[PDB]
Amino acid sequence: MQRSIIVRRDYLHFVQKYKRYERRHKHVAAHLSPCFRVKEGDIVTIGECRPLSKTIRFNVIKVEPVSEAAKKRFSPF
Amino acid sequence: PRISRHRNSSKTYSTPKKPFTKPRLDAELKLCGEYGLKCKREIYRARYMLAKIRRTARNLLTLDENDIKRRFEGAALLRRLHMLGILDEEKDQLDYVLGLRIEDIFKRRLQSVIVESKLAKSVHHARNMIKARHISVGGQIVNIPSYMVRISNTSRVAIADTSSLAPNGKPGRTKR
Amino acid sequence: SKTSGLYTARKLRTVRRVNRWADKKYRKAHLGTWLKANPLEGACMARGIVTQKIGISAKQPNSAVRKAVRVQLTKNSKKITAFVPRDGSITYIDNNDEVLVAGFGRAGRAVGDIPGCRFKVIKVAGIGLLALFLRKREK
Amino acid sequence: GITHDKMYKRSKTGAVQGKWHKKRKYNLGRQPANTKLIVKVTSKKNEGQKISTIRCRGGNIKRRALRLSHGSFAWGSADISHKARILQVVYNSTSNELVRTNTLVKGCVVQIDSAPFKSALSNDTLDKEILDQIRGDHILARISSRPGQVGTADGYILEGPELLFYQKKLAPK
Amino acid sequence: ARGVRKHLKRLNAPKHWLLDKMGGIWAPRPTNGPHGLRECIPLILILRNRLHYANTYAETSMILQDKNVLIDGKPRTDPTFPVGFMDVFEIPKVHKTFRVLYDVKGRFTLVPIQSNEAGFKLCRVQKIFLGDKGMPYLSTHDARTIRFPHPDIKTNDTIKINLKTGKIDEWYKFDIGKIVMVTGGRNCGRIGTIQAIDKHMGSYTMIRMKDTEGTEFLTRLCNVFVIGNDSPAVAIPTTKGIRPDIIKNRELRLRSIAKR
RNA sequence: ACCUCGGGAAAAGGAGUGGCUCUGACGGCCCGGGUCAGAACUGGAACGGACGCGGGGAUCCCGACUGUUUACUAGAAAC
RNA sequence: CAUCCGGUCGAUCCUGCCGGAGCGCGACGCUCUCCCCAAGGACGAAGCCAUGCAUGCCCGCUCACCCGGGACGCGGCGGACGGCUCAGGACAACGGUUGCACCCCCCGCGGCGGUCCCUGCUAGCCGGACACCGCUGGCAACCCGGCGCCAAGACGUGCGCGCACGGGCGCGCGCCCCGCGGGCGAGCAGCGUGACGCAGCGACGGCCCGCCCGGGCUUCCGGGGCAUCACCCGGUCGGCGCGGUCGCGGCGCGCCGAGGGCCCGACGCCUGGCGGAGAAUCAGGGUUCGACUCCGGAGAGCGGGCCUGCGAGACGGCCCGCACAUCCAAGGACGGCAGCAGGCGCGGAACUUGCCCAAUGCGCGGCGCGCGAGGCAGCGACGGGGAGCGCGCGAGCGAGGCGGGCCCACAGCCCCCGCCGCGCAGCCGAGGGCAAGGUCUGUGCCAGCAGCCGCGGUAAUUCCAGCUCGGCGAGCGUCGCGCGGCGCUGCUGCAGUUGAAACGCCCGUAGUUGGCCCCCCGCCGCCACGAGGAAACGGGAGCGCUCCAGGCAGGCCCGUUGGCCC
RNA sequence: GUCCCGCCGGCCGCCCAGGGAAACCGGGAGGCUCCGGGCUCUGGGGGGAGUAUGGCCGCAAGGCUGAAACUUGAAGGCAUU
RNA sequence: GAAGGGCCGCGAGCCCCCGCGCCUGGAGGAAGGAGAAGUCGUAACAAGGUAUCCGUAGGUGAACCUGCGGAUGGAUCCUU
């Protein structure tokens, strides 16, 4: 997207009947500042902001780069 | 909406799992003659009360001794049972609470207490006397045979001075 | 089978949801195809005007002519054949009388020797059929 | 019945969203104000600049402008501000179709009479380019006020790289 | 929907108000004023329930219409007037005056005061804001607004209101060591000295305070109201927020019911 | 719908179209193209204003088809 | 708060369903001695409604034939709360958790208070003018015309302190960063200065300013069934520039790109879909329901559209179409019970055209008025709870009946007393499962019964009746369904050689699952303990409603209590 | 000497335990009502019916997916006589 | 400033073709389940008088028969 990223955040949802969990993923749109440059897979610290668009209510506050290929890897940090 | 709608209500009795069982029927009839019980529903209400208590103690006992919970509630359950006379006041242990039987709860029913006090000849006579408002639980007239006396109130129970005996002398049969 | 893993809850939830449908009991209770099929249409009783009367030969081995009234329910105009309980109680029923018909007792299954009949008459012309047999009320 | 709720709009996936409510007077939006200019004073003098007033939620009134004429315009690097009549609207980012009608919108580049700003030209060497515009009776200014939300059209005389950019677009016409 | 709600249902009403479930299908709807519904209690409730001076709401209105009671020294005729912490409920005709504080169980309590104590009431500044030409204003918990505060006073610093001239008297600033009384939540009704304040930048400064029982209660700055420096300052309830536990209160209940 | 998946199909069924006044697109290195969009505004409720220029659908029978045929009474299902 | 038992056979062991055994919560039948509590037109008709009724209060401003009654109007405040129902709506409502540095708000409470001019000010206090009203009228009804006098805390105007000041505008910190404050985690406020503007109150000095209470949106996590729904969307997804709004935002519009969503199930479709708090059943785990009491949502026949106000897209407001009514003198008029009673239709199913604000609240008043909110009675085996139909061998009771208290808006009921006093059982069964004749009649595979096994064709343990007996009990039986039984849905905890069931095989991505190893740190789960925010409910402390279902009580009392957990 | 003895990977027979309703498995069908290594597939009384209809695939034949209404008190396994 | 008009928004209603869900009329076909007693044979279960049965293809009043490749659940755990 144009100066925007769709941050994917992973998380676990627990079901009590079967004490096993379900890995659940959500997609959230975020504004990417030109000051930052992100490649897919990078970890971005989105910070909540004014509803900026139909789907953008979050804005990248910091980026830490990741390698080209290190596997998709479920990460719920 | 109305205030009445807010009011709570409860089924205080437990009906049997099998209602035509031979052992249960035999014991019920033996209990029915013993305590002058009107219907099996009164016996059922007794079983319910014992099951509540047995479960409450059971849960507190599964909790470790000296766990705040047994101290706050276990002491309260024992107190209540000793004060209704269902539990011997010397036992005073939560483990003993589990080993109670419905007969013992039925023993504290005023109709049984009147019979051990002898203020009436039979359990049948005790039910009729309490119905006629003759019995007093201590400064209070009691019409309900079900009344479960507290251990302290047992001494206070006496035939009320206003009644069949020691009174006007003219009610019912005497008047005509 | 029994896939078990700390993060496998979704697979188990899906299996239970899909497999639970297999029992005839879950399907008859929840698929709801039966509700549309049920002449009673999800009611304990239904009011219908007797349109026909007949004798249905009892299923062998038992042999008798069971007495029944064919009734079209007022609610859905849906045909029902209803057994008349008690002895000689079809005499109480008259054609076009109007009856309240309740389930025979097997939740939509024919009961006893009567063949393919799932309903029974409980009331005739505002008067209970048992009461008519017991002579509590008359005509 | 013009409304700004997202009940009548689709989701992120593009799924239709079922409507669970009727229109709300808290979600209503009023019709847009076309703030024309009294440009042709010859036959527009018969209508003096008119600013309407509309009651809003809360009872607070937003003055909305229908026809406007002049607003405060300021040369910031000179600190010269005067009330200037707006001669003409040129170059709007939203649409150049608006420019033809002269309807004023915040951010439209306008032309204002330099006769109020005449004293600054005599004051020595104020800037450079803006002085030439004062010498010729037309100065470019951006309307910095939202006509129809306050009913005013104040602004700033364009200067710096912004002035050059706007002039470059308007060079052929 | 539409506008405001002018009715309160009895079971919706706050638990601390201790209204009867079968007593009514409606509860007094508390009005706006110096205290909000969660942190107030209606004037009718103090007079009808605890004071029992008026048998019915109608009697409470008659008494109020005649200006029998004065809160903060002003005769108020509002049956639903909100009453909260440090409000001075003085009924002169009955000859008895008390403050409204917080009990350990969290219900509001009437604590008797001497004439000097009756004169002043404590306040907590929520924050200092600039308005009306830039003059600073301080907003107390009782919503009392004071223009031009002395510069040292900061947010969450208890101050004392004269209530006769209605001005600031003194400031006991919020700091480590100063004695405070919790106003809300699980520890509501407890007086303890401040062991530490955790900054928790971002949201919810959480403070830890400990009473003389060696038990530390952890409560955020919202419901912490300073009551004097190391000194408890204004008179405090007889329990003194010492945190009686459930087992101990069980013995106290039994002694009270021992009396017949 | 149907289909030999190529077709059916321009299916059916609609909406626009003029004049004027503009505004964007598109090359080469201030010089060329006149096509494609988007507006206003105007006209007895008008615009492919002459001219040019399929009516459409549902079936049934024969012959798959494009072809060819009794110059001069059969152009077909015939060859 | 852990259970089974009949039926496949000549017999037997299995698997397997079938049927019983328990509890609900609605109907239906039969029956009912009293007292207490208590549901009641939700159940594919959010169908239609006759009548009466549910919203007033005020006394600001009295020249209405009592008086200083306080008609009527005008003003003011409320009518947006409340009640009612569940049609709509499935990344929604809703629940917990954030945010508004993106906001709107009446009352109240506590503050604050200044308002340019030129003219035009009368400031010891200013104009006019409208009903009500008087007359003159037109109306089938609805409904209003005209004329003339007269008032406001109504209206119109304006006295006014050029640090007079509503809005909006232009400008006014940095030097890699972060370390005082008016105020923050955050450059946010405020103001200084110029240009505009001259808005509000100023005719019984309020504008403004907080806090509150409510609202609007906003973060996060949860929020149906179907794969005979696999691709879906095209303001769809972003960026920019505006408009609009209370504001933020594709919200709308231009402009520019090509996104956005999806086996971790998109999109479609269907739902006899309000959601939670909760409820039914219940060893543990679970399953099903959540119309209905509290909270939030949504709608008043259906679509829309508005006005008023601080807040309504309001329907006991308006306007329009659309069906569906009423009146009519035929021109017109006019509604809206998913408010309360009551009526019709419909369905298996559901209460009085009562009485009243006394409480409990609310609106308005300072010396109480309004309220079908609510309370009070009637109806009512939805149900829950308590006592009866004797005991004794002679004494009694209460069911009644009548007075008087007590109670009640007024009754009544309860309860207390005197005086009389008259106890009164059903409904399903007896071959089993399943407790209770292998009785005595009729009848003859008929008539019937029987959930299931079966029974009846002359010696019916089974039908139809007397007879006894048994269960349960003022209740009992039947039907539909939920749950339990059913380890027959299985996470605990099923089965797949042959009972039903290992893909014919190999590769294979998503998915799921991964040996051993570093102690001592950072994130993730993870466990413990907090905090924060609703009670009711469910537990659970205490309290003898005479017991009990109950309720928060009570008694010279922890500041009597009403703890605490969830 | 293609001897003896192992080891590893197979292909087998017989079985002690154990298991199962048994027939029988026993290199598992054991280590499992004292039930949990991981992962996929399928089953949930007998018919109706692998039918109807919808999808896809095939030149067809057909394959793959796949019901319901309704009916019924049995169907089945393994052993004994 | 009243009606009235123009123009756009917001937007009922109405018609018009078009999809969708659902309900059902129907000559004629064509299944299935029961009626009870029919009719024609006798395919299978005993090597059921041609061992059955699986796929697939052809035939046939009807069960069924036949080709080809399987299986044993067979009537064979048994032969340089």
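In the PDB archive, cryo-EM is given as the structure determination method for this entry, at a resolution of 3.33 Å.

Near RNA strand G there are 308 residues, and of these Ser53(A), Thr55(A), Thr13(D), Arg29(E) and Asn32(E) occur at the shortest range. Counting only atoms of RNA strand G within 4 Å of the protein, the sugar-phosphate share comes to 75%. Between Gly88(C) and RNA strand G, the recorded distance is 3.1 Å, taken from a backbone N or O atom to a sugar or linking oxygen. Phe104(C) is positioned such that a nitrogen or oxygen atom in its backbone is 3.5 Å from a phosphate oxygen of RNA strand G. The element contributing the most residues to the surface near RNA strand G is helix α3 (residues 40–62) of chain B, with ten residues.

In this model, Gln60(C) is joined to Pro61(C) through a cis peptide bond whose omega is 5 degrees. Tracing the sequence through the fold places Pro61(C) in the loop between β1 (45–57) and β2 (65–73). Located in the positive-phi region is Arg133(B), a residue other than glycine, with phi close to 70 degrees. What makes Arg133(B) partly exposed here is its relative accessible area of 49%. In this structure, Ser77(C) takes a positive phi of about 55 degrees despite not being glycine. Residue position: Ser77(C) is located in the loop between β2 and β3 (79–83). Accessibility expressed as a relative area gives 52% for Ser77(C), which makes it exposed.

Here we come to the nonpolar core. Across soluble globular proteins, you tend to see nonpolar side chains buried next to one another. Residues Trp17(E), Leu43(E), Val69(E), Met86(E), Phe89(E) and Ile227(E) are the most contacted members of the largest nonpolar core, which totals 38 residues. Secondary-structure elements contributing two or more residues to this core are α1 (43–51), β5 (87–91), β6 (96–102), β7 (108–112) and β14 (179–182) of chain E. The element contributing the most residues to this core is α1(E), with six residues. Looking at which domains feed residues into this core, each of domain 1 (1–116) and domain 3 (174–243) of chain E supplies at least three. In contact with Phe89(E), not counting residues within four places along its chain, are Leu43(E), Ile46(E), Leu47(E), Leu51(E), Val69(E), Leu70(E), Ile71(E), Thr97(E), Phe98(E), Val100(E) and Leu110(E). Counting 33 residues, the second-largest nonpolar core is a separate cluster that includes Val90(D), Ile112(D), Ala141(D) and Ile157(D).

Residues and elements named next belong to chain C. Around RNA strand H sit 19 residues in total, of which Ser4, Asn19, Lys24, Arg109 and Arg118 are the nearest. In the interface set of RNA strand H, defined as its atoms within 4 Å of the protein, sugar plus phosphate atoms amount to 50%. Between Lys24 and RNA strand H, the recorded distance is 3.1 Å, taken from a side-chain N or O atom to a base oxygen. One nitrogen or oxygen atom from the side chain of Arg109 is found 2.8 Å from a base oxygen belonging to RNA strand H. Elements supplying a minimum of two residues to the surface near RNA strand H: α1 (9–20), α2 (24–31) and α3 (33–37). Grouping the constituent residues of the surface near RNA strand H by class yields three nonpolar, eight polar and eight charged.

Quick notes on the rules
- Residues numbered from 1 in each chain as written, not as in the entry; some residues may be left out.
- Chains lettered and ligands numbered in written order.
- Part of a larger assembly, values for the part shown.
- Heavy atoms only, no water.
- Near = heavy atom within 4 Å.
- Polar contact = N/O pair within 3.5 Å; in protein donor to acceptor, adjacent residues only side chain to side chain.
- Helix = DSSP H or I, 4+ residues; strand = E, 2+ residues; numbered from the N terminus.
- Buried < 20%, exposed > 50% of the residue type's maximum accessible area, 1.4 Å probe, protein only.
- Core = buried A, V, L, I, M, F, W, Y, C linked by side-chain atoms within 4.5 Å.
- Domains from an automatic or database assignment.
- Contact = heavy atoms within 4.5 Å.
- Nonpolar A, V, L, I, M, F, W, Y, C, P; charged D, E, K, R; others polar.

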